[PDB]
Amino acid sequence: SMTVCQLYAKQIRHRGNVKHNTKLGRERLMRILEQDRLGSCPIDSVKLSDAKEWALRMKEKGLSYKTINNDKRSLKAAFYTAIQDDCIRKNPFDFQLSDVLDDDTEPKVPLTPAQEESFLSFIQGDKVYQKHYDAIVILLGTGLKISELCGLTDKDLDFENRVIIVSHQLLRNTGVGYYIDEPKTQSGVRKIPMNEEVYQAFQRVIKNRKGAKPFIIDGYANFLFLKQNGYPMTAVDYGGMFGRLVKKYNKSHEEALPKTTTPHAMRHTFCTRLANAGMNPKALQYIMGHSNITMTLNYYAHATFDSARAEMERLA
């Protein structure tokens, strides 16, 4: 592995136990190297300046900051493997990316209650999207990621105790089609309770289910949420639906919805509400399914001296 492409090729073959989406992503970076001048350099000649100039090119190509930072970390790990193989001494990607580029990531603004009520009223009223009203309510009332919602089946709901049992996701990719991913341990499994509006939503979704094709994958069947074609919804299908729905909303409402009103924005709103209401962080972390509690805590506003003093006075 003397060329950078060959080195990355060696890295991903050595670390092959990955998911289908990971194989796609690696392919995307491999194409970047093949097109970029950096992929041709021998690894023993790649200097810290070459890696930085690579980033400037990626930004000039039009790739976002988060993309360029993620790919930098892939390359960094690749060169750390060539270091442990006695090919080079220093790792030319061991620099801070913010020193070279500015992070212009557009913040993801959650929905405000006023907007949320407005957004839902439009959905239930609209004759084309009202059929998705139930899914949106469930998203907003549970924090489910989109492929966890798609993976729900009759065996995952418990209406006696009003609990959602989140144990897997249903995914779909080109070629392979549908498949099920689930956690290796029992930590990714969580149980989310249903409030009155979520409980009533699942009831409507089960009563109105119609036209299900014969479908079973990795032992899972009888999914709650189906496309018109009789097969279950996928993340992409909801993404596309949200885009058209938001576009239709902004045409008739003066105040448009945030630019990034996607399915995850429902999870973001759900988490922001609970945090600002002062939910026990460890409890919120359970509902959300976060592994590191740092993830959950990013949803709590930074504290100030006056912030803290108020809290201490509030607690005698």
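All residue numbers refer to positions in the sequence shown, first residue = 1.
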query	finding
Residue stretch of maximal mean CA temperature factor, 189-197 vs 170-178	189-197
Selected stretch [higher average CA B-factor]: 65-73 or 31-39	31-39
Largest Cα B-factor, entry values, listed residues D156, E148, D237, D85	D85
Residue with highest C-alpha B-factor in the PDB entry, from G141, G230, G219, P110	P110
Third of chain Cα B-factors occupied by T296	lowest
Third of the chain's Cα B-factor distribution that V128 belongs to, per the entry	highest
CA B-factor ranking of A308, expressed as a third of its chain	middle
Chain-wide C-alpha B factor ranking for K47, given as lowest, middle or highest third	highest
Ranked C-alpha temperature factor of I206 among modelled chain residues, by third	highest
